[PDB]
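target_1.tsv, holding TSV, C-alpha atoms:
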```tsv
chain	number	residue	atom	x	y	z
A	1	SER	CA	4.02	-17.60	9.04
A	2	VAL	CA	0.72	-16.18	10.31
A	3	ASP	CA	-0.87	-12.91	9.19
A	4	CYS	CA	-2.73	-10.60	11.59
A	5	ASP	CA	-6.49	-10.07	11.46
A	6	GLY	CA	-7.01	-7.96	8.33
A	7	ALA	CA	-10.72	-7.50	9.11
A	8	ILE	CA	-9.93	-4.99	11.86
A	9	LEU	CA	-6.92	-3.36	10.16
A	10	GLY	CA	-6.68	-0.09	8.29
A	11	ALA	CA	-4.19	2.07	6.42
A	12	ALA	CA	-4.39	5.39	4.61
A	13	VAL	CA	-2.25	7.78	2.55
A	14	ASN	CA	-2.98	11.34	1.52
A	15	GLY	CA	-0.36	13.66	0.06
A	16	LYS	CA	2.57	13.69	2.47
A	17	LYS	CA	0.76	11.89	5.33
A	18	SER	CA	0.01	8.24	6.09
A	19	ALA	CA	-0.97	5.80	8.82
A	20	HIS	CA	-1.28	2.09	9.49
A	21	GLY	CA	-3.69	1.21	12.30
A	22	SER	CA	-5.64	-1.29	14.43
A	23	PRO	CA	-7.35	-1.03	17.84
A	24	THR	CA	-4.05	-1.98	19.53
A	25	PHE	CA	-1.66	-0.29	17.09
A	26	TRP	CA	-0.93	2.97	15.30
A	27	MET	CA	1.95	4.05	13.09
A	28	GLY	CA	1.74	7.58	11.68
A	29	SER	CA	4.22	8.60	8.99
A	30	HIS	CA	5.08	11.62	6.82
A	31	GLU	CA	7.19	12.50	3.85
A	32	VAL	CA	9.96	14.97	4.85
A	33	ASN	CA	12.60	16.18	2.39
A	34	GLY	CA	11.33	13.53	-0.01
A	35	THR	CA	11.80	10.75	2.54
A	36	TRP	CA	9.01	8.85	4.31
A	37	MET	CA	9.51	8.44	8.06
A	38	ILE	CA	7.60	7.56	11.24
A	39	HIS	CA	6.41	10.44	13.43
A	40	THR	CA	4.04	8.36	15.58
A	41	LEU	CA	4.20	4.79	16.83
A	42	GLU	CA	1.94	3.47	19.56
A	43	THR	CA	1.41	-0.16	20.53
A	44	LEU	CA	-0.99	-1.29	23.23
A	45	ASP	CA	-0.20	-4.91	22.51
A	46	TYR	CA	2.66	-7.30	21.78
A	47	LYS	CA	1.89	-10.09	19.33
A	48	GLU	CA	3.81	-12.23	16.85
A	49	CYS	CA	1.93	-11.83	13.60
A	50	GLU	CA	2.51	-10.12	10.28
A	51	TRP	CA	0.90	-7.10	8.70
A	52	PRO	CA	-0.98	-8.41	5.64
A	53	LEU	CA	0.33	-7.11	2.33
A	54	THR	CA	-3.30	-6.50	1.29
A	55	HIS	CA	-3.38	-3.69	3.86
A	56	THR	CA	0.19	-2.47	3.39
A	57	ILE	CA	0.98	0.91	1.86
A	58	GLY	CA	3.87	0.86	-0.61
A	59	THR	CA	5.56	-2.47	0.09
A	60	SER	CA	9.18	-1.67	-0.61
A	61	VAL	CA	11.85	-2.07	1.94
A	62	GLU	CA	15.03	-3.91	2.48
A	63	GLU	CA	13.79	-5.46	5.73
A	64	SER	CA	16.78	-4.15	7.68
A	65	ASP	CA	15.65	-0.59	6.91
A	66	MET	CA	12.29	-1.11	8.61
A	67	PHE	CA	11.99	0.25	12.12
A	68	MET	CA	9.34	-2.00	13.63
A	69	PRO	CA	10.26	-5.60	12.79
A	70	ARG	CA	8.10	-7.58	10.43
A	71	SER	CA	7.53	-10.57	12.74
A	72	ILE	CA	5.61	-8.53	15.30
A	73	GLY	CA	3.32	-6.63	12.96
A	74	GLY	CA	5.55	-3.96	11.44
A	75	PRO	CA	4.33	-3.04	7.93
A	76	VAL	CA	6.77	-4.10	5.22
A	77	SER	CA	6.89	-0.58	3.91
A	78	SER	CA	8.97	2.49	3.13
A	79	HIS	CA	6.61	4.24	5.55
A	80	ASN	CA	7.88	2.03	8.41
A	81	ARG	CA	11.27	3.67	8.87
A	82	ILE	CA	13.21	6.24	10.91
A	83	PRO	CA	16.30	7.79	9.23
A	84	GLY	CA	19.41	6.93	11.22
A	85	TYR	CA	17.94	3.82	12.83
A	86	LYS	CA	17.64	0.27	11.50
A	87	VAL	CA	15.28	-2.63	12.30
A	88	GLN	CA	14.66	-2.90	16.04
A	89	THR	CA	15.13	-6.68	16.26
A	90	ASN	CA	15.89	-6.39	19.98
A	91	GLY	CA	13.81	-3.31	20.73
A	92	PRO	CA	11.71	-2.91	23.90
A	93	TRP	CA	8.54	-4.07	22.16
A	94	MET	CA	7.20	-6.03	25.13
A	95	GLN	CA	7.03	-2.94	27.35
A	96	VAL	CA	3.44	-2.23	26.27
A	97	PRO	CA	1.65	0.12	26.20
A	98	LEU	CA	4.42	1.97	24.30
A	99	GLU	CA	4.89	5.18	22.38
A	100	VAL	CA	7.89	6.39	20.40
A	101	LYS	CA	9.15	9.95	20.82
A	102	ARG	CA	11.99	12.06	19.42
A	103	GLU	CA	13.30	13.12	22.76
A	104	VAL	CA	15.96	12.35	25.33
A	105	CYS	CA	14.92	10.02	28.15
A	106	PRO	CA	14.52	12.06	31.37
A	107	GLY	CA	17.81	13.06	32.98
A	108	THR	CA	19.89	11.55	30.18
A	109	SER	CA	21.87	12.75	27.15
A	110	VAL	CA	22.90	11.06	23.89
A	111	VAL	CA	25.99	11.97	21.85
A	112	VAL	CA	26.90	10.88	18.34
A	113	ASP	CA	30.40	9.42	18.43
A	114	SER	CA	31.99	6.96	16.01
A	115	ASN	CA	33.92	5.41	18.92
A	116	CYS	CA	30.69	4.36	20.66
A	117	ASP	CA	29.79	0.67	20.74
A	118	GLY	CA	27.59	-0.65	17.94
A	119	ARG	CA	24.03	-1.94	18.06
A	120	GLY	CA	22.99	-3.99	21.08
A	121	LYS	CA	19.88	-5.03	23.00
A	122	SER	CA	17.54	-2.14	23.85
A	123	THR	CA	18.27	-0.77	27.29
A	124	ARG	CA	16.18	1.11	29.87
A	125	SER	CA	17.16	4.62	30.98
A	126	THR	CA	17.01	3.47	34.61
A	127	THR	CA	18.90	0.69	36.35
A	128	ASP	CA	17.23	-2.19	38.22
A	129	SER	CA	17.29	0.04	41.31
A	130	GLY	CA	15.62	2.90	39.46
A	131	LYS	CA	18.71	5.06	39.12
A	132	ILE	CA	19.02	7.17	35.98
A	133	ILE	CA	21.91	6.46	33.61
A	134	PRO	CA	23.05	9.95	32.63
A	135	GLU	CA	25.21	9.41	29.53
A	136	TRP	CA	24.55	7.55	26.28
A	137	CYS	CA	26.11	7.47	22.81
A	138	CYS	CA	25.40	6.17	19.32
A	139	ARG	CA	27.66	5.71	16.30
A	140	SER	CA	25.49	7.48	13.71
A	141	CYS	CA	21.83	7.76	14.71
A	142	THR	CA	19.93	11.00	14.02
A	143	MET	CA	19.03	13.59	16.66
A	144	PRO	CA	16.86	14.21	18.60
A	145	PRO	CA	17.09	10.59	19.79
A	146	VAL	CA	14.41	7.97	19.35
A	147	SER	CA	13.05	6.91	22.74
A	148	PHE	CA	10.39	4.36	23.74
A	149	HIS	CA	8.10	5.40	26.58
A	150	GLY	CA	6.54	2.25	28.00
A	151	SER	CA	5.07	0.42	30.99
A	152	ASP	CA	8.18	0.41	33.18
A	153	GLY	CA	9.66	3.69	31.99
A	154	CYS	CA	11.89	4.91	29.18
A	155	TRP	CA	13.97	2.77	26.78
A	156	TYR	CA	16.45	3.52	24.00
A	157	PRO	CA	16.72	1.84	20.58
A	158	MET	CA	19.43	-0.68	19.69
A	159	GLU	CA	21.73	2.05	18.32
A	160	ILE	CA	21.88	4.02	21.57
A	161	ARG	CA	24.27	2.60	24.20
A	162	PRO	CA	24.79	3.37	27.93
A	163	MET	CA	28.15	4.90	28.95
A	164	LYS	CA	30.24	4.78	32.14
A	165	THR	CA	27.98	2.19	33.70
A	166	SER	CA	28.32	-1.25	35.21
A	167	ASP	CA	26.60	-3.91	33.16
A	168	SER	CA	25.15	-6.02	35.99
A	169	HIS	CA	22.42	-3.53	36.88
A	170	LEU	CA	21.34	-2.76	33.30
A	171	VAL	CA	17.85	-3.71	32.12
A	172	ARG	CA	17.65	-5.13	28.59
A	173	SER	CA	14.87	-6.34	26.30
A	174	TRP	CA	14.35	-10.05	25.63
A	175	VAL	CA	12.71	-9.48	22.25
A	176	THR	CA	14.10	-11.40	19.29
A	177	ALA	CA	11.87	-10.30	16.43
B	1	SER	CA	9.07	7.23	-17.02
B	2	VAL	CA	7.16	9.74	-14.89
B	3	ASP	CA	5.19	9.20	-11.67
B	4	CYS	CA	1.89	10.99	-11.05
B	5	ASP	CA	1.75	13.98	-8.68
B	6	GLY	CA	1.78	12.43	-5.19
B	7	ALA	CA	0.69	15.65	-3.47
B	8	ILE	CA	-2.91	15.24	-4.66
B	9	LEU	CA	-3.21	11.45	-4.53
B	10	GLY	CA	-4.62	9.29	-1.77
B	11	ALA	CA	-5.47	5.74	-0.82
B	12	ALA	CA	-7.15	3.93	2.06
B	13	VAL	CA	-8.14	0.50	3.39
B	14	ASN	CA	-10.45	-0.38	6.21
B	15	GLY	CA	-11.34	-4.02	6.80
B	16	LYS	CA	-12.75	-5.29	3.52
B	17	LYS	CA	-13.09	-1.93	1.75
B	18	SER	CA	-10.51	0.16	-0.12
B	19	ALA	CA	-10.06	3.08	-2.51
B	20	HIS	CA	-7.36	4.87	-4.53
B	21	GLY	CA	-8.20	8.44	-5.49
B	22	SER	CA	-7.20	11.74	-7.05
B	23	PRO	CA	-9.29	14.77	-8.10
B	24	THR	CA	-9.54	13.14	-11.56
B	25	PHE	CA	-9.67	9.45	-10.60
B	26	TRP	CA	-11.50	7.04	-8.30
B	27	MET	CA	-11.01	3.31	-7.85
B	28	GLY	CA	-13.11	1.66	-5.16
B	29	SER	CA	-12.40	-1.96	-4.29
B	30	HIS	CA	-13.47	-4.59	-1.77
B	31	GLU	CA	-12.74	-8.17	-0.71
B	32	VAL	CA	-15.18	-10.81	-1.94
B	33	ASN	CA	-14.50	-14.46	-1.10
B	34	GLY	CA	-11.00	-13.67	0.16
B	35	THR	CA	-10.24	-11.90	-3.12
B	36	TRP	CA	-9.87	-8.15	-3.69
B	37	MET	CA	-11.60	-6.64	-6.71
B	38	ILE	CA	-12.73	-3.33	-8.19
B	39	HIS	CA	-16.36	-2.39	-7.62
B	40	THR	CA	-16.04	1.19	-8.84
B	41	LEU	CA	-13.80	2.87	-11.41
B	42	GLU	CA	-14.21	6.46	-12.57
B	43	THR	CA	-11.79	8.57	-14.63
B	44	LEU	CA	-12.29	12.21	-15.56
B	45	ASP	CA	-8.91	12.27	-17.24
B	46	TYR	CA	-6.55	10.37	-19.53
B	47	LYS	CA	-2.85	10.77	-18.80
B	48	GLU	CA	0.34	8.76	-19.22
B	49	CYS	CA	1.83	8.66	-15.74
B	50	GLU	CA	2.42	5.99	-13.12
B	51	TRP	CA	0.79	5.69	-9.71
B	52	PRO	CA	3.66	6.18	-7.21
B	53	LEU	CA	4.37	3.02	-5.24
B	54	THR	CA	4.57	5.19	-2.10
B	55	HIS	CA	0.82	5.81	-2.43
B	56	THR	CA	-0.13	2.27	-3.47
B	57	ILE	CA	-1.93	-0.24	-1.27
B	58	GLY	CA	-0.93	-3.88	-1.52
B	59	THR	CA	1.73	-3.62	-4.20
B	60	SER	CA	1.71	-7.23	-5.35
B	61	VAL	CA	0.23	-8.42	-8.63
B	62	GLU	CA	1.70	-9.77	-11.81
B	63	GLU	CA	0.91	-6.91	-14.12
B	64	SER	CA	-1.01	-8.67	-16.83
B	65	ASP	CA	-3.31	-9.32	-13.83
B	66	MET	CA	-4.20	-5.64	-13.20
B	67	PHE	CA	-7.31	-4.13	-14.74
B	68	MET	CA	-6.27	-0.53	-15.33
B	69	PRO	CA	-2.84	-0.57	-17.07
B	70	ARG	CA	0.15	0.81	-15.15
B	71	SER	CA	1.22	3.30	-17.81
B	72	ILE	CA	-1.95	5.41	-17.49
B	73	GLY	CA	-2.25	5.57	-13.71
B	74	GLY	CA	-3.46	2.13	-12.67
B	75	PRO	CA	-2.30	1.28	-9.13
B	76	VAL	CA	0.08	-1.69	-9.19
B	77	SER	CA	-2.04	-3.53	-6.66
B	78	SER	CA	-4.19	-6.58	-5.97
B	79	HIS	CA	-6.98	-4.07	-5.36
B	80	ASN	CA	-6.78	-3.10	-9.05
B	81	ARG	CA	-8.31	-6.25	-10.44
B	82	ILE	CA	-11.54	-7.67	-11.84
B	83	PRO	CA	-11.80	-11.49	-11.93
B	84	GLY	CA	-12.31	-12.96	-15.39
B	85	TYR	CA	-10.60	-9.99	-17.01
B	86	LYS	CA	-6.96	-9.06	-17.47
B	87	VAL	CA	-5.05	-5.85	-18.14
B	88	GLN	CA	-6.91	-3.49	-20.48
B	89	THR	CA	-3.94	-2.64	-22.69
B	90	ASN	CA	-6.32	-1.47	-25.41
B	91	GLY	CA	-9.24	-0.33	-23.28
B	92	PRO	CA	-11.40	2.71	-24.14
B	93	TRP	CA	-9.46	4.83	-21.65
B	94	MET	CA	-9.54	7.97	-23.81
B	95	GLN	CA	-13.33	8.21	-23.70
B	96	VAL	CA	-13.34	10.38	-20.58
B	97	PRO	CA	-15.23	10.94	-18.40
B	98	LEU	CA	-15.53	7.18	-17.88
B	99	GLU	CA	-17.13	4.86	-15.35
B	100	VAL	CA	-16.96	1.06	-15.20
B	101	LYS	CA	-20.13	-0.97	-14.59
B	102	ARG	CA	-21.10	-4.64	-14.27
B	103	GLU	CA	-23.81	-4.33	-16.80
B	104	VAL	CA	-24.66	-5.20	-20.39
B	105	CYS	CA	-24.35	-2.32	-22.87
B	106	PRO	CA	-27.90	-1.08	-23.68
B	107	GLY	CA	-29.43	-3.04	-26.56
B	108	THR	CA	-26.69	-5.66	-26.52
B	109	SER	CA	-26.06	-9.11	-25.05
B	110	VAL	CA	-22.93	-10.98	-23.97
B	111	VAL	CA	-22.45	-14.75	-23.99
B	112	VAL	CA	-19.62	-16.99	-22.79
B	113	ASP	CA	-18.22	-19.43	-25.34
B	114	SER	CA	-14.77	-20.97	-25.72
B	115	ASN	CA	-15.05	-20.70	-29.54
B	116	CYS	CA	-15.31	-16.91	-29.52
B	117	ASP	CA	-12.37	-14.73	-30.54
B	118	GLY	CA	-9.76	-13.75	-27.97
B	119	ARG	CA	-8.80	-10.38	-26.53
B	120	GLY	CA	-8.64	-7.53	-29.04
B	121	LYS	CA	-9.00	-3.75	-29.09
B	122	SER	CA	-11.92	-2.43	-27.05
B	123	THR	CA	-14.90	-1.82	-29.32
B	124	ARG	CA	-17.88	0.52	-28.98
B	125	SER	CA	-21.37	-0.95	-28.64
B	126	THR	CA	-22.54	1.15	-31.60
B	127	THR	CA	-21.27	1.26	-35.19
B	128	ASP	CA	-19.86	4.35	-36.88
B	129	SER	CA	-23.45	4.94	-38.05
B	130	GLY	CA	-24.87	4.94	-34.53
B	131	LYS	CA	-26.32	1.47	-35.04
B	132	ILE	CA	-26.23	-0.89	-32.04
B	133	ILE	CA	-24.31	-4.16	-32.36
B	134	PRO	CA	-26.77	-6.52	-30.59
B	135	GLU	CA	-24.66	-9.61	-29.85
B	136	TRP	CA	-21.26	-10.03	-28.23
B	137	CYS	CA	-19.28	-12.94	-26.84
B	138	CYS	CA	-16.23	-13.68	-24.69
B	139	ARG	CA	-14.20	-16.84	-24.12
B	140	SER	CA	-14.19	-17.01	-20.32
B	141	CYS	CA	-14.88	-13.62	-18.74
B	142	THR	CA	-17.26	-13.21	-15.79
B	143	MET	CA	-20.89	-12.11	-15.76
B	144	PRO	CA	-22.28	-9.50	-15.53
B	145	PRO	CA	-19.91	-8.20	-18.24
B	146	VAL	CA	-17.87	-5.10	-17.49
B	147	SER	CA	-18.84	-2.13	-19.61
B	148	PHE	CA	-17.19	1.25	-19.94
B	149	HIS	CA	-19.56	4.20	-19.90
B	150	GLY	CA	-17.91	7.21	-21.47
B	151	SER	CA	-18.17	10.38	-23.55
B	152	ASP	CA	-19.38	8.99	-26.87
B	153	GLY	CA	-21.36	6.16	-25.29
B	154	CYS	CA	-20.84	2.56	-24.23
B	155	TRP	CA	-17.74	0.40	-24.81
B	156	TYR	CA	-16.70	-3.18	-23.96
B	157	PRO	CA	-13.42	-4.59	-22.57
B	158	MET	CA	-10.79	-6.39	-24.63
B	159	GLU	CA	-12.31	-9.78	-23.78
B	160	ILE	CA	-15.78	-9.02	-25.12
B	161	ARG	CA	-16.03	-9.40	-28.89
B	162	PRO	CA	-18.71	-8.32	-31.42
B	163	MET	CA	-20.56	-11.05	-33.34
B	164	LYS	CA	-22.19	-11.17	-36.79
B	165	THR	CA	-20.69	-7.77	-37.66
B	166	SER	CA	-18.39	-6.32	-40.33
B	167	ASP	CA	-14.97	-4.92	-39.45
B	168	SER	CA	-15.41	-1.68	-41.42
B	169	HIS	CA	-18.40	-0.63	-39.29
B	170	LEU	CA	-16.56	-1.00	-35.98
B	171	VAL	CA	-15.23	1.78	-33.75
B	172	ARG	CA	-12.17	0.74	-31.72
B	173	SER	CA	-9.79	2.24	-29.15
B	174	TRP	CA	-6.41	3.68	-30.16
B	175	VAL	CA	-5.00	3.06	-26.67
B	176	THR	CA	-1.82	1.05	-26.30
B	177	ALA	CA	-0.99	1.29	-22.59
```

Just dump the structure as structure tokens.
Amino acid sequence: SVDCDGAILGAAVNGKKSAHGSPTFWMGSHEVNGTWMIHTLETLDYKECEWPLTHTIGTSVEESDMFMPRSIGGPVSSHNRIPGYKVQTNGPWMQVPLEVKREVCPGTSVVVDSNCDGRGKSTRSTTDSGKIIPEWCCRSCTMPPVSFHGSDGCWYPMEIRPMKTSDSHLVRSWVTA
Amino acid sequence: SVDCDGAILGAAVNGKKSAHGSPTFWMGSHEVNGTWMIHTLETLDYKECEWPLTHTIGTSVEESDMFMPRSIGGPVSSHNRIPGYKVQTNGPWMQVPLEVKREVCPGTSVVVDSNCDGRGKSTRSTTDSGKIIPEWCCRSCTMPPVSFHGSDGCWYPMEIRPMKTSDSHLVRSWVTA
């Protein structure tokens, strides 16, 4: 119900490139194959506020197609999207400072398999004793996998699930955005 | 039916300043009293195409509320707006190169009066004989009056009407956007 401070916000488009930005936030997007998608996403801060429409490029989306949820500052825009992933309602958004990469978490692997579990809470690549979880799957996300690199290490999006692992030592995000 | 060429278009916001631009077009806007409005509008070209929503900042407005009509490249945005004036369906948009000013046409005057005629076709400040029409009125537009400065001289928006003058002497716009 509250917009973020538009006085310190910016956005820009030029040809096939775009960006939404603030001193604690940066989302860089391109157009590839006629589709706009995120290539850069950095957050130094977690806050519950909404990107003002006055500073939004191409307001468009079915909200579920956004990547960064609207309630924590994600621009309601076609530019805020990653093909193969849907809105990260329970993403690791509190693990700031964060950056998104298209890259396997260290020591892990992700396979696309329709038999994999569906979307769940975002999960860290390491257990609560710092042991790496080697094998992950997703039903239909696009490769190379989306990964969040944040304060306490590497996290996967909702789509990507841990395999062959006890649940009790998993680390999940508390975010409900 | 056809969007403009996105590869050469651009748009940007920073704080209280914004702009939409192409090699043949420039709209500069800013936020005054919590409201966004055009401060600069230059066209080097007249074309019937639509500004792609992907390259539009703050897609929002009811369309009668825009200043530059959608069908000739006007960004469907709250940034494309001048208070006191509505969509220039019959503006002098063919008189390129054009620039919009907040300024009385040379040798003329504009007064605000409820009893004046309503919106009509945009009319040149001079007659077909090069004679200047000295007095103009508008029902409720805002001062200083907007004026279009183009190829064959100075024109007024749809809201600003010529007084004490004969219809046969008047030069009007053929634009229906």

Around (1.9, -2.5, 18.0), as given in the file, which residues come within 6 Å? Count all atoms listed in the file and list them as a PyMOL selection string. chain A and resi 25+43+45

Could you tell me which residues of chain B sit within 7 Å of chain A when counting all atoms listed in the file, and give me the result as a PyMOL selection string? chain B and resi 6-16+53-59

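Relative to CA of residue 173 in chain B, CA of residue 134 in chain B is found at 19.2 Å.
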
For residue 81 in chain A, list every protein, DNA or RNA residue within 12 Å, evaluated using only C-alpha atoms, and leave out those in the same chain fewer than 6 positions away; present the list as a PyMOL selection string. chain A and resi 27-31+35-41+60-70+74-75+87-88+146

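Relative to CA of residue 154 in chain B, CA of residue 130 in chain B is found at 11.3 Å.
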
Selection as a ChimeraX atom specification: residues within 10 Å of (-0.7, -9.1, 18.7), counting only C-alpha atoms: /A:4-5,24-25,43-50,72-73

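Taking CA of residue 26 in chain B and CA of residue 34 in chain A as endpoints, the distance between them is 25.1 Å.
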
As a list in words, please: the residues near residue 99 in chain B (cut-off 6 Å, all atoms listed in the file, same-chain neighbours under 6 positions excluded).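 Listed by chain and then number, they are residues 41, 42, 148 and 149 of chain B.
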
Pick from A:86, A:93, A:159, A:101 nearest to residue 114 in chain A, counting only C-alpha atoms: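 Result for the nearest residue to residue 114 in chain A: A:159.
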
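When all atoms listed in the file are used to measure the gap to residue 120 in chain B, the shortest distance among B:135, B:82, B:156, B:1 belongs to B:156.
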
Around range 6-13 of chain A, fit a box with edges along x, y and z, padding it by 5 Å on each side, then list its centre and edge lengths in Å to one decimal as AutoDock Vina command-line options.
```
--center_x -6.5 --center_y -0.1 --center_z 7.2 --size_x 18.5 --size_y 25.7 --size_z 19.3
```
